[PDB]
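Bear in mind that the values in this text are calculations on the coordinates, not laboratory data. Virtual Cβ from ideal backbone geometry, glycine too; neighbours counted across all protein chains shown.
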RNA sequence: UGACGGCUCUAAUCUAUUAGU
DNA sequence: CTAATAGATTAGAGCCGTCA
Ligand SMILES: [Mg+2]
């Protein structure tokens, strides 16, 4: 259950990359039918297996497969997701900063922030006012040191709406008059819809606006280049709600759509949710395996 | 009447200042941005794991074909796409435990079994990294 | 301070602290892969 | 034109079945003749790819020539081909990958991308069209005992601080206890439904949110009440009851050229649904579809995991057209009227819900005739 | 733990009312 | 100062398959 989590968590203190490969992937020949039903199969998909592995290993070597270049310079980005540890007093307090994008003249930064700040409450999530100030200040000095100047515009993602006091505290730690906005992104909300004619689902990239604040987006259709569906059955969309701030809907929607292909762990053409939420989700269980670590690194090579 | 607004796909950057939508064909055409060419690796496991890893490593040099071309772009070869060397003749292997004193007689408190497994693997890796001379880059772990 | 007036041992410790902290931050923060380091001294 | 007037080299490819092709042999003979014409440097440079093609069993006319190998790795073959080419003093040209990108995108652009044609889509929701203008609350602090709960009652009635939230008349409870009419209705309370749906109503004891909660609870229980007498029964679920119908109960297991109860792994499967009301964008009804199994229609598998495997096996080969058509057919069968569905929420009051789903029109599409 | 999606089962807490301080 | 109802809003944690 926690084999990989524990192994990577305890090896994290020595700064060594690693890669775990099950033998069944390598030995998919001899694990054939026990009594007439084959256990296992990659014939139809065999070539793609190589595409799944090589580039990943390349990233662990120190190579950059592909970078995105559709970002306005002099902007921010950040994400967040919580986690349940339920160690002793069933605490709900595990917040893992996801990432941040920066333009240091010519390059792109993908290191993110870390530090599992705690919270006495066990079921209400949110965040106490003290932790949030340091949480945003951290990204602030990171931007200062990687920009040799001050940041201009800031964006924030989330998973759940939040109360007034902590956003007010976030506005309190705002330097000068920079604009801050946070966007809540759910995962599943039922808006099942069909195609009137034919035998194919909706075509990927559609939208359905219900108000100047809320919005919707579809991600599992079928790209004409791929000509085949990304999901076996009819898809399920993502519901978008803007919580606070003055943010135009179309630009933020296209921005969050543009950040669903940076899945370095694989090479599938399209992915459902943006990289940020799942990326913080998959770093959280690494640090929740064992909590004796102090100041873990901020490079995602070792985590992934 | 309520209508659906459509959003087009963005574009990603590649080598030589080129652009495309899919990344696979771009890599097959232009390659990565930064050039690093050392994959001196490491591995732990049993000897059958050694031979199977060697066979799979030197197998990937030849192209391998999908069942359906139109949905999966072709894979010509690691050196064909990346311009980086990775062969099955420069591995520095460290031997694994073979007795595996843990058997069906010992199944209560599997947490302890997991602890013993991870302690053994981690100490072996750490000792190999700390004491030996050769410069290793990645560590592959295989186990049934 | 330029002159070794206050404490030469203190100045050496400060310089080594600066170099060590910079190197450690580089190792734990960046993304590239490096093997050696050629430190120049003024 | 090109072979004679404007060609410098040649790149014959020795595949496994390259000898069979008559056209390649014809152009090969043409190349041999033009070489016999020129006699300057060399023209022909063979290539080999396959492992099955042994080095001796190669095409008979070309045995005299050697070949750069590609059987091991394509990179070294490309490398030695290119440096042999540049050693042969072939005229050069500065590289430009943009032309390669343009050619790649142009040669592979058809039967893909998007088309400006308009199309239509169907939704999953049904909007309400009828509702009584006002609802009524009336509590005497003595009308009912304060211990039993409201799940016992089968008609709209839920407790409250002081305003008993009922839909029908408060004197419609004679069926098991008398003296209902003895409770005078002059001291009753009324709240306009149209205004609270508009949301303009607001008081110190009733806000918009909890009264909206009240009305959605009433419409949900009314939907259950109108569903229960449809003669389609229910199976226990983690969520509300899953409603479905049996083979043979409809005429010969068929209803308008669609089949809903079938056989898979010697088990009989049916097509059920579930529903619940939502209101914020518009008063509409969520409906979702599920597939149910059974041995003979009297009992069902107990294990959820093998049920999961069976439902995946059954649903692997069902797609958008079948999904949409079956949902429309089932909802039309559910329609108790030729135009809508009535909800006899009150003693005589009812709410009408459209049996025709919503619509959508989109201005963008793809190359539809993809066949596969 | 080669990765992705689709389902199913389980958990809390917040927000009215109510009975035992 | 504890407990039953009830919606709306959250997280683990397994099983099947991978294009008819
Ligand atoms: Mg990995």
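Report the per residue volume, in Å³, of the convex hull enclosing the C-alpha atoms of the range D:202-290.
Given the Cα convex hull of the range D:202-290, per-residue volume reads 138 Å³.
For the residue pair residue A:268 and residue D:216, what label-to-label distance in nm results when each label sits 7 Å from Cα along the Cα-to-beta-carbon direction?
Output for this residue pair reads 3.2 nm.
Could you work out, residue by residue across D:355-367, how many beta carbons of other chains sit within 10 Å of that residue's beta carbon, and then give the average as an integer?
Per residue, the average neighbour count from other chains is 4.
May I ask you to derive the FRET efficiency for residue D:25 and residue D:258 from their Cβ-Cβ distance with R0 = 56 Å, giving the value to the nearest 0.05?
0.45
Quick one: check the C-alpha center-to-center distance for the range D:78-125 versus the range A:113-188, whole angstrom.
Going from one Cα centre to the other spans 44 Å.
Cα gyration tensor of the range D:34-158, axes a ≥ b ≥ c as square roots of the eigenvalues: rounded (a/c below 1.5), prolate (a/b > b/c) or oblate?
Numbers: a/c = 5.43, a/b = 3.72, b/c = 1.46.
Prolate.
With a 10 Å Cβ neighbour count serving as the proxy for reagent exposure, in which order, fewest first, do A:117, D:244 appear? List each step's numbers first, then the result.
Values: A:117 16, D:244 21.
Arranged by neighbour count, lowest to highest, A:117, D:244 become A:117, D:244.
Roughly how many whole Å is it from the C-alpha centroid of the range D:215-263 to that of the range B:59-81?
After rounding, the separation between the Cα centres reads 51 Å.
As a check on your grasp of the helix formula, calculate [θ] at 222 nm for chain C: sum -39500 (n - 2.57) over DSSP H runs of n ≥ 4, divide by the residue count, round to the nearest 500.
On the way: 1 runs with 22 residues, N = 42.
Helix contribution divided over all residues of chain C: -18500 deg cm²/dmol.
What shape does chain D have by the C-alpha gyration tensor, where a ≥ b ≥ c are the square roots of the eigenvalues, rounded means a/c under 1.5, and otherwise prolate means a/b greater than b/c and oblate the rest? Spell out each step's value before the answer.
On the way: a/c = 4.27, a/b = 2.96, b/c = 1.44.
Judged from the Cα gyration tensor, chain D comes out prolate (a/c at least 1.5, a/b above b/c).
Compute the helix-to-body angle for B:47-59: its Cα long axis versus the longest principal axis of chain B, expressed 0 to 90° and rounded to tens.
That works out to roughly 20 degrees.
Quick check: the angle from helix C:8-29's long axis to the longest principal axis of chain C, C-alpha only, nearest 10 degrees?
So the inclination is approximately 10 degrees.
Run the helix sum for chain A: -39,500 (n - 2.57) per DSSP H stretch of 4+ residues, divided by residue count, reported at 222 nm to the nearest 500 deg cm²/dmol.
On the way: 8 runs with 84 residues, N = 304.
Value at 222 nm, helices only: -8000 deg cm²/dmol.
In degrees, nearest 10, range 0 to 90: what is the angle between the Cα axis of helix D:97-107 and the longest Cα principal axis of chain D?
70
Taking the Cβ-Cβ separation of residue A:290 and residue D:311 as r and a Förster radius of 30 Å, what is the calculated FRET efficiency to the nearest 0.05?
Numbers: r = 39 Å, r/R0 = 1.30.
The pair residue A:290/residue D:311 has a calculated efficiency of 0.15.
Could you calculate the FRET efficiency of residue B:143 with residue A:56 from 1/(1 + (r/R0)^6), where r is the beta carbon distance between them and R0 is 22 Å, rounded to 0.05?
Computed FRET efficiency for residue B:143 and residue A:56: 0.70.
Between the range A:264-283 and the range A:1-56, what's the alpha-carbon centroid distance in Å?
The range A:264-283 and the range A:1-56 have Cα centres spaced 19 Å from each other.
Partner chain Cβ atoms within 10 Å, averaged over the residues of A:3-12 - can you pull that number for me? Write down the numbers at each step before the final one.
Numbers: counts 7, 2, 1, 7, 8, 2, 1, 4, 6, 0.
Counting Cβ atoms of other protein chains within 10 Å of each residue's Cβ and averaging gives 4.
I need the P(r) histogram for chain B: all alpha carbon pairs, bin width 10 Å from 0 out to the longest distance, whole percents.
With a bin width of 10 Å, the distribution comes to 8, 25, 25, 20, 15, 6, 2, 0.
What shape does the range D:22-99 have by the C-alpha gyration tensor, where a ≥ b ≥ c are the square roots of the eigenvalues, rounded means a/c under 1.5, and otherwise prolate means a/b greater than b/c and oblate the rest? Don't skip to the end; give the middle numbers.
Working: a/c = 1.92, a/b = 1.17, b/c = 1.64.
In terms of gyration-tensor shape, oblate.
Per residue of chain D, what 222 nm ellipticity follows from adding -39500 (n - 2.57) for every DSSP H run with n ≥ 4, rounded to the nearest 500?
Values: 8 runs with 100 residues, N = 372.
Counting only the DSSP helices, I get -8500 deg cm²/dmol.
For chain C, what D do you get in µm² per second when you plug the Kirkwood radius from alpha-carbon pairs into Stokes-Einstein at 4 °C and 1.567 mPa s? Mind dumping the intermediate values first?
On the way: Rh = 12.2 Å.
Roughly 106 µm²/s, to the nearest whole number.
Just to be sure I understand the model, the point goes 7 Å from the Cα along the line to the Cβ. What's the resulting residue D:35 to residue D:67 distance in nm?
The answer from the label model is 1.4 nm.
Of all alpha-carbon pairs in the range A:136-203, indicate the percentage at a distance above 13 angstrom.
Details: 1718 of 2278 pairs.
Percent of Cα pairs beyond 13 Å in the range A:136-203: 75.
If you take each beta carbon of peptide A:290-302 and count the beta carbons of other chains within 10 angstrom, what is the mean?
Numbers: counts 0, 0, 0, 0, 0, 1, 1, 3, 4, 5, 1, 2, 1.
Counting Cβ atoms of other protein chains within 10 Å of each residue's Cβ and averaging gives 1.
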